[PDB]
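What follows is a short report on a single structure.
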Amino acid sequence: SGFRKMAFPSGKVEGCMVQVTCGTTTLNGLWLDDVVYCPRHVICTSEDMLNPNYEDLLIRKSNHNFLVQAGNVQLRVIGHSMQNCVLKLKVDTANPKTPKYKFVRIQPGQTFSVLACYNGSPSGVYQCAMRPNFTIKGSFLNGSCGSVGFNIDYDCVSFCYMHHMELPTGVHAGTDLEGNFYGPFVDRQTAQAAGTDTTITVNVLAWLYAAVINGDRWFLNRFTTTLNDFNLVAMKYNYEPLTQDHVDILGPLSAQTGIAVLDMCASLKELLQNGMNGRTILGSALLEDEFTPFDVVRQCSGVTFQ
Amino acid sequence: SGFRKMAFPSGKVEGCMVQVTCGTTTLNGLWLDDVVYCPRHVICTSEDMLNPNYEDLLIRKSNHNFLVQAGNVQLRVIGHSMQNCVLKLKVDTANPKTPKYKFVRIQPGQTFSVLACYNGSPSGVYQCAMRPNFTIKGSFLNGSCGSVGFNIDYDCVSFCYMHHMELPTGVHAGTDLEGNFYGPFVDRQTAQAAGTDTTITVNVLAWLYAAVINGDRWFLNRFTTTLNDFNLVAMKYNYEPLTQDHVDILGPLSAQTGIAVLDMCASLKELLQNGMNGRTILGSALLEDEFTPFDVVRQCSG
Ligand SMILES: O=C1C[C@H](Oc2cc(Cl)cc(OCCNC(=O)c3cc(=O)[nH]c4ccccc34)c2)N1
Ligand SMILES: O=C1C[C@H](Oc2cc(Cl)cc(OCCNC(=O)c3cc(=O)[nH]c4ccccc34)c2)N1
Ligand SMILES: [Cl-]
């Protein structure tokens with residue numbers, strides 16, 4: 001029993017975190033095989049950041065301008081290149097702790113664990129979702145750039161996020177490990193704003209199933225809805241549209257609890273129109289949208305990652 | 001910026017998790033140096049769980065009755081002893097992944113990370129607080145016994161909890177790593193109930209300071225209160241009494257934000273009276289009590 005915001009065990013990723021210094025700037029790097037990946041903005045001064053020409057800034061750097069520290073050991077940079085917004089530093093040593101890994105680009109609504117790092121040292125792990133506006137509501141301070149997000153699928157780490165910046169509203173933006181930003185953001189010190197956010201509907205439904213699995217049933221009702229009627233109501237409350245793919249993905253949870261997806265949609269519609277009436281669901285007075293249907297199944301069934 | 005429920009990175013603890021089997025029972029063990037620690041109830045059968053005599057059950061076991069598996073390798077048990085409710089299995093190999101560690105007994109209101117495990121394999125990490133009724137609101141299934149709670153301030157792992165059981169209400173009970181239960185619980189299947197739970201007042205105040213540090217000020221007010229009048233109100237909402245130790249502990253956060261502790265107490269009194277009126281504080285519509293003053297400083301300042 002119980003339902004917590006749970007992150008993947010971070011050990012496989014911790015053994016990849018290094019510190020990258022270029023001049024006065026220090027941030028985190030991810031050391032996999034013989035390459036250290038980090039935000040390309042590590043090469044920028046504060047004035048360069050206003051309108052950077054990264055190709056021009058990079059051509060001026062030599063390998064010795066990058067100091068990479070793995071624990072108390074300095075790694076030797078023997079090459080450097082850029083791929084989109086990520087700098088790739090070739091080092092003379094393959095990381096002996098490199099886990100089985102892939103780089104994956106995730107979609108909004110997908111969740112991942114973030115290993116927040118400072119000076120190449122892991123400080124915390126938390127679970128978050130890629131918001132529909134492509135930001136993450138992370139928790140990051142100065143020096144956190146280069147911290148990564150990941151999932152574990154079987155024994156393979158899938159790296160999906162690298163931290164680059166914090167927007168004026170305190171939300172965060174970053175790239176996949178191929179250096180492509182999530183969202184309409186750029187790596188320049190300029191006024192940038194995230195679009196209006198929406199709630200991840202399929203995730204709220206998954207969390208309602210988690211509540212039912214844990215014995216929280218007060219919000220269940222006798223009613224059902226059509227997908228089209230539910231989507232009209234979802235648009236009204238700034239909820240993401242629920243697709244037939246989402247309905248199929250919730251199938252296993254629907255079969256386990258005996259509550260059809262459109263039956264749970266009718267519970268959600270009533271919750272939006274009327275509120276919780278002083279009640280809570282899984283210790284929350286708001287509808288939680290940072291658990292995917294896979295997260296719910298994984299947590300309610302005890303899947304492990306040795 | 002931002003404020004999240006954040007756990008410690010679990011790598012140091014993952015490299016210590018092993019599977020312990022005794023007869024038909026399998027659970028998790030913590031392998032540090034040449035000792036594997038686990039709940040002593042691993043030696044019980046289904047017939048023994050209401051009134052086990054652990055000394056009597058243990059004397060009947062040989063080293064070869066304990067199977068310890070670390071990854072795909074079997075460890076050799078060369079000794080066994082009990083310390084309170086924890087079984088200590090001496091093994092023939094020191095764990096090469098043993099981090100710098102200590103065993104600490106925590107007090108209610110304290111927070112820690114839990115590495116939930118099944119069959120000696122880590123499945124997830126989450127943040128918990130030791131409730132005032134000495135339970136934790138974890139997320140554990142069958143086979144989770146022996147999963148541990150810990151903190152990692154600096155490079156030293158402080159193990160503070162070992163999971164033993166789930167109570168009928170779905171909350172969890174366990175021991176420190178010296179085998180002493182937190183609370184009035186025993187490792188017997190007899191009906192046990194946790195006392196009425198209360199909100200950890202000092203932690204709610206710390207989280208209100210975290211909200212102010214992150215730019216949220218809507219809940220502040222021009223009032224202050226005496227400590228005694230605050231406690232008289234807070235108790236009516238099932239909040240733990242706020243002591244002068246708690247007021248002193250909040251001193252650094254009070255100095256950083258410019259909001260005196262009793263001034264923040266008056267904000268808390270108003271929130272308990274009015275609710276949030278459609279507003280949120282740090283993305284929550286309820287008052288959060290699983291962040292300590294130390295957690296807030298660590299997360300906000302680094
Ligand atoms: O709207 C916007 C943001 C963009 O400006 C940029 C662009 C780029 Cl590519 C990088 C950047 O800052 C990099 C250095 N940031 C940090 O260390 C940092 C990260 C964090 O998540 N939180 C912080 C909290 C306080 C202070 C520092 C941080 C800033 N324009
Ligand atoms: O009120 C109470 C509890 C005490 O009964 C005990 C005492 C002892 Cl020492 C052990 C025990 O169970 C050990 C085996 N528990 C589990 O695997 C288990 C742990 C968990 O946290 N959640 C579960 C969810 C479902 C099913 C199994 C679990 C039970 N009397
Ligand atoms: Cl403590």
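Naming: A, B, ... by sequence-line order, numbering from 1 per chain. For the numbers below, each heavy atom of this structure counts, side chains included, while hydrogens, waters and symmetry mates do not. Whatever order the structure lists ligands and atoms in, that order sets their numbers, starting from 1.
- With hydrogens left out, the protein atom closest to atom 18 (C) of ligand 2 is B:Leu141 O, 3.7 Å, a heavy atom.
- Remark: of the listed residues B:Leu57, B:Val42, B:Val68, B:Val42 is the sole one forming a side chain to side chain contact (heavy atoms under 4.5 Å, CB included) with B:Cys22.
- If you check which protein heavy atom lies closest to atom 30 (N) of ligand 2, you get B:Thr190 O, 3.1 Å.
- Of all the heavy atoms of B:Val186, none lies under 4.0 Å from any atom of ligand 2, so neither backbone nor side chain is involved.
- Residue-ligand proximity, A:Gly143 to ligand 1, at heavy-atom distances under 4.0 Å covers atoms 17 (O).
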Please assess B:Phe181 against B:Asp187 for the test side chain to side chain contact (heavy atoms under 4.5 Å, CB included), listing each intermediate value before the final yes or no. CA-CA 9 Å; B:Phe181 262 87; B:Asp187 51 358; 3.9 Å; yes

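- Heavy atoms of B:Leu27 come nearer than 4.0 angstrom to ligand 2 in no pair at all.
- When the shell of 6.0 Å around CD1 of A:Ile59 is examined, it contains 12 or fewer heavy atoms from other residues, nucleotides or ligands.
- One distance of note links CG of A:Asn28 with CD of A:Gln19; it measures 8.0 Å at 0.5 Å rounding.
- One side chain, B:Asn133 or B:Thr135, offers a donor N or O that lies under 3.5 Å from an acceptor on the other.
- For B:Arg298 and B:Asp295, the salt-bridge test fails: no basic side-chain N is under 4.0 Å from an acidic carboxylate O.
- Polar contact with ligand 2: absent for B:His41 (N/O pair, distance under 3.5 Å).
- The shortest separation from a heavy atom of B:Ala191 to ligand 2 is not under 4.0 Å, leaving the residue out of contact.
- For B:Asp187, no nitrogen or oxygen atom sits less than 3.5 Å from a nitrogen or oxygen atom of ligand 2, counting backbone and side chain alike.
- Heavy-atom proximity to atom 26 (C) of ligand 2, evaluated over B:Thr169, B:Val42, B:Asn142, is greatest for B:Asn142.
- The single protein non-hydrogen atom nearest to atom 11 (C) of ligand 2 is B:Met165 CB, 3.8 Å, given as residue, atom name and distance.
- Close contacts of ligand 1 with A:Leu167, meaning ligand atoms under 4.0 Å from a residue heavy atom, involve 1 (O).
- With hydrogens and angles left out, the side-chain atoms of A:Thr111 and A:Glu290 include no donor and acceptor closer than 3.5 Å.
- Summarising the geometry, atom OG belonging to A:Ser147 is positioned 5.5 Å from atom CE belonging to A:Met17; distances are rounded to the nearest 0.5 Å.
- Between B:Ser1 and ligand 1, no pair of N/O atoms sits closer than 3.5 Å.
- Of all protein heavy atoms, the one closest to atom 22 (N) of ligand 1 is A:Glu166 OE1, 2.9 Å.
- Atom CZ of B:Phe103 has more than 12 neighbouring heavy atoms from other residues, nucleotides or ligands inside a 6.0 Å radius.
- In this structure, A:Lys5 is not positioned above the aromatic face of B:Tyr126 in the sense of NZ or CZ being under 6.0 Å from the six-membered ring centre and within 45° of the axis.
- Residue-ligand proximity, B:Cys145 to ligand 2, at heavy-atom distances under 4.0 Å covers atoms 13 (C), 14 (C), 15 (N), 16 (C), 17 (O).
- If you look at B:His163 next to ligand 2, the close heavy atoms, those under 4.0 Å, all belong to the side chain.
- Summarising the local packing, CD of B:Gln244 is surrounded by more than 12 heavy atoms from other residues, nucleotides or ligands at distances under 6.0 Å.
- When hydrogens are left out, the protein atom nearest atom 1 (O) of ligand 2 is B:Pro168 CD, 3.2 Å; that is the closest non-hydrogen contact.
- Annotation: atom 4 (C) of ligand 2 to nearest protein heavy atom, B:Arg188 O, 3.3 Å.
- Annotation: atom 6 (C) of ligand 1 to nearest protein heavy atom, A:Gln189 NE2, 3.6 Å.
- Judged by the 6.0 Å distance and 45° axis criteria, A:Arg188 is not positioned over the aromatic ring of A:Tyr54.
- Between B:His164 and ligand 2, no pair of N/O atoms sits closer than 3.5 Å.
- Within ligand 1, counting atoms from 1 as listed, the ones closer than 4.0 Å to a heavy atom of A:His172 are 21 (O).
- Every N/O-N/O distance between B:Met49 and ligand 2 stays at or above 3.5 Å.
- Rounding to the nearest 0.5 Å places CG of B:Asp289 at 5.0 Å from OG1 of B:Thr199.
- Remark: ligand 1 atoms within the under-4.0 Å shell around heavy atoms of A:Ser144 are 19 (C), 20 (C), 21 (O).
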Begin from the C-alpha positions of A:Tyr37 and A:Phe159 and carry the test ring pair (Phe, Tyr, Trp, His ring centres under 6.0 Å) through to its verdict. CA-CA 11 Å; A:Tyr37 299 84; A:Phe159 290 105; 8.6 Å; no

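- Close N/O approach between B:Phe140 and ligand 2 is found [any backbone or side-chain N/O within under 3.5 Å].
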